[PDB]
Amino acid sequence: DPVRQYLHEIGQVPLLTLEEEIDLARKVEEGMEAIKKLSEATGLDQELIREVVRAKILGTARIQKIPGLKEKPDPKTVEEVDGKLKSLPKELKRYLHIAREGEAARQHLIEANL
Amino acid sequence: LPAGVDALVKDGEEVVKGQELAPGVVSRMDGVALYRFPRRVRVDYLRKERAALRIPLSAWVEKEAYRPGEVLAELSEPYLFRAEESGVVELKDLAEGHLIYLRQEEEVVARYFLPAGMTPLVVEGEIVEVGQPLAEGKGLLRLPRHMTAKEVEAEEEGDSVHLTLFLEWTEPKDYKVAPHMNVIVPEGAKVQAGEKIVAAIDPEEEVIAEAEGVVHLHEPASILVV
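By the method listed in its record, X-ray crystallography, this PDB entry was determined to a resolution of 4.000 Å.

And the structure:
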């Protein structure tokens, strides 16, 4: 039974107290604004850096190769923007990390509310 | 953790299986314990004051820098500490000891130090005059428990001696967190004045350091050992 399977799977991840909720939301918004600030940093779009960070987060090679056979090349347009964002001073860097953490928080929030 | 109960172990500290993280909480694994959603923050403010003192030389324990609790003189007979200036006194209680600020009008005339075992004969706001005694050293007079002393100065005439002290003490204050708030600085944080400690939903509840000092974290909502 698939229903049993999924229901148990979401039964694994616990709920979220008001503290956790507010904190996660905060971290998410901080992440987004960090992406915008990075858009003012290297001069690239929000969803660009966003999807790059995701590609570094919710899976290594699996986000690229199968949303259909053709999207944005793995060694080429992913890694070069990665390395381009790698080559920045300290503040933009800490904002990169912050952005990533924001993404993760988004994921968890999504789960409880699943 | 049950609400209100602090953690006996600090943040970012290694813990071994069987060790208590709290009165009712025991660790099931070796690893690094981590605070999760602290319910309180403790800010220790650094208060520094350059002051003056007068003690008979027969008593004096001669020292360049006095540590907290360290013995200051012996004080043979109970000794009236006689004001070397004239002004309105400001009596400030620091734990065991006292501080007396001699103030004319606005600006202060003098700053007097009262170690533990030297008892004040005056009252805050009261008026005193030159030679009018202030404190009474009764025996002893070892330096305060929470306060250190550096850069001593020695002025000797006959029996009496006059010393200016650079004094360093810790004035603790406890700050209450809220679910609408989040702690920025780490545990055992090195922090300056006017710096944001705990951010919040509104700038109102934002905790801002009144002075350069040290930051401690207490009362976690839960402790995650990893």
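(A) Molecular detail of the overall build of chain B. Looking only at helices and strands, one finds zero helices and 18 strands in chain B. Computed over C-alpha atoms, the radius of gyration of chain B comes to 23 Å, more than 25% over the 17 Å expected from 2.2 N^0.38 for 226 residues, which places it beyond the range of a compact globule. Along the first, second and third principal axes, the C-alpha set of chain B runs to 65 × 40 × 25 Å. Buried positions account for 39% of the 226 residues belonging to chain B. Taking contacts inside chain B between residues at least 6 apart in sequence as the whole, the part at least 24 apart equals 60%. Of the roughly 12,600 Å² of accessible surface on chain B, a fraction of 50% belongs to carbon and sulfur atoms. For chain B, the distance from the average position of its 25 positive side-chain charges to the average position of its 43 negative side-chain charges is 8 Å.

(B) Looking closely at the side chain of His162(B). All names here are of chain B. The topology assignment puts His 162 in strand β14 (residues 160-176). On the basis of relative accessibility, which here comes to 16%, the residue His 162 falls in the buried class. In this structure the side chain of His 162 is engaged in a polar contact, spanning 3.4 Å, whose partner is the backbone oxygen of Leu 53. In this structure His 162 touches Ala 52, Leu 53, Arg 54, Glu 153, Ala 154, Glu 155 and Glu 157, once residues within four positions along its chain are discounted.

(C) Representation of the environment of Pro144(B) in the model. Residues and elements named next belong to chain B. With respect to the helices, strands and loops of the structure, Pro 144 is situated in the loop between β11 (133-137) and β12 (147-150). Since its relative accessible area comes to 0%, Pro 144 is described here as buried. For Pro 144, the contacting residues outside a window of four places in its chain are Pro 68, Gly 69, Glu 96, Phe 113, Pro 115 and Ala 116.

(D) Just a nonpolar patch on the surface, in detail. Taken together, the side chains of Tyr6(A), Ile110(A) and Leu114(A) make up a nonpolar region of the molecular surface, amounting to roughly 290 Å² of accessible area. Assignment of secondary structure puts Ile110(A) in helix α6 (residues 90-112).

(E) Representation of the interface of chain B and chain A within the structure. Listed as interface residues are five residues of chain B and, on the opposing side, five residues of chain A. For the pair chain B and chain A, the two sides together bury roughly 550 Å², of which 61% comes from carbon and sulfur. The largest contributions to the chain B side of the interface with chain A come from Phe37(B), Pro179(B) and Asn182(B), which together make up 79% of the buried area. At the junction of chain B with chain A, the criterion picks out one salt bridge. Close ionic contact of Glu19(A) with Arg39(B) constitutes a salt bridge, the shortest N to O distance being 3.5 Å. Our count for the chain B to chain A interface comes out at one residue pair in polar contact. Its residues placed into classes, the side of chain B that touches chain A shows three nonpolar, one polar and one charged.

(F) Quick peek at the nonpolar core. Residue and element names in this part refer to chain B. Ranked by internal contacts, the top residues of the largest apolar core, which has 38 residues, are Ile 55, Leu 72, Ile 100, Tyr 112, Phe 113 and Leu 134. Within the residue set of this core, elements represented by two or more residues are β4 (31-56), β5 (79-82), β6 (87-94), β7 (97-103), β8 (108-114), β11, β12 and β14. If one sorts the elements of this core by residue count, β14 sits on top with five residues. Among the nonpolar cores identified, the runner-up in size contains 24 residues, and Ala 7, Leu 21, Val 185 and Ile 197 belong to it.

(G) Geometry of the packing of helix α2 (residues 18-41) of chain A against α6(A). All names here are of chain A. Between α2 and α6, whose axes approach to 7 Å, the crossing angle comes to 140°. The pairing of α2 with α6 is recorded here as oblique in orientation. In the packing of α2 onto α6, the handedness of the crossing is left-handed. Counted together, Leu 24, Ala 25, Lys 27, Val 28, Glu 30, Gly 31, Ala 34, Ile 35, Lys 37, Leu 38 and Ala 41 of α2 and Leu 92, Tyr 95, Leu 96, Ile 98, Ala 99, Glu 101, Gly 102, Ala 105, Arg 106, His 108 and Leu 109 of α6 form the full contact between these two elements. When the residues that make up the contact of α2 with α6 are grouped by side-chain class, the tally is 14 nonpolar, three polar and five charged.

(H) Seen up close, unusual backbone geometry. All names here are of chain B. Phi is positive for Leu 140, close to 50°, though the residue is something other than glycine. Structurally, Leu 140 is set in the loop between β11 and β12. Phi is positive for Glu 219, close to 55°, though the residue is something other than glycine.

(I) Seen up close, the sheet that holds β11(B). Residues and elements named next belong to chain B. Taking strand neighbours across the sheet as the criterion, the three strands line up as β5-β11-β9 in an open arrangement whose pairing is antiparallel. This sheet does not close on itself; its edge strands, each paired only once, are β5 and β9 (118-120). Neighbour to neighbour, the strand axes of the sheet diverge by 35° on average, direction disregarded. As defined by bridge partners, β5 adjoins β11 across four bridges and the pair is classed as antiparallel. Bridging from a neighbouring strand, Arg 82 pairs with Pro 133 of β11.

(J) Fine view of α6(A). With 23 residues, α6(A) ought to run about 33 Å at 1.5 Å a step, and its terminal C-alpha atoms sit 34 Å apart, in line with that. For α6(A), the set of buried residues is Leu96(A), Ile98(A), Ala99(A), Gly102(A), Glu103(A) and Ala105(A).

(K) Examining the pairing of β8(B) more closely. Residue and element names in this part refer to chain B. Two elements, β7 and β8, share six bridges in a ladder whose sense is antiparallel. Bridging from a neighbouring strand, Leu 102 pairs with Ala 110 of β8. Between β7 and β8, which pair antiparallel one after the other, the connecting turn spans four residues, and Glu 105 there sits at a positive phi close to 55°.

So, how was this worked out
- Residues numbered from 1 in each chain as written, not as in the entry; some residues may be left out.
- Chains lettered and ligands numbered in written order.
- Part of a larger assembly, values for the part shown.
- Heavy atoms only, no water.
- Helix = DSSP H or I, 4+ residues; strand = E, 2+ residues; numbered from the N terminus.
- Rg over C-alpha atoms; globule rule 2.2 N^0.38 Å.
- Buried < 20%, exposed > 50% of the residue type's maximum accessible area, 1.4 Å probe, protein only.
- Contact = heavy atoms within 4.5 Å.
- Areas by Shrake-Rupley, 256 points an atom, 1.4 Å probe, with all protein chains shown as cover.
- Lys, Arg positive; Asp, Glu negative; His and termini not counted.
- Charge placed at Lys NZ, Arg CZ, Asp CG, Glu CD.
- Polar contact = N/O pair within 3.5 Å; in protein donor to acceptor, adjacent residues only side chain to side chain.
- Patch = residues over 30% accessible without salt bridge, like charges linked within 9 Å, V, L, I, M, F, W, Y side chains within 5 Å.
- Salt bridge = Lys/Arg side-chain N within 4 Å of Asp/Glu carboxyl O.
- Buried area = accessible area lost by both parts, 1.4 Å probe.
- Nonpolar A, V, L, I, M, F, W, Y, C, P; charged D, E, K, R; others polar.
- Core = buried A, V, L, I, M, F, W, Y, C linked by side-chain atoms within 4.5 Å.
- Axes fitted to C-alpha atoms, helices over the stretch in contact; angles between N-to-C directions.
- Parallel < 35°, antiparallel > 145°, perpendicular 65-115°, else oblique.
- Left-handed = near helix turned anticlockwise from the far one by under 90°.
- Pairing = 2+ DSSP bridges.
- Expected span 1.5 Å × (residues − 1).

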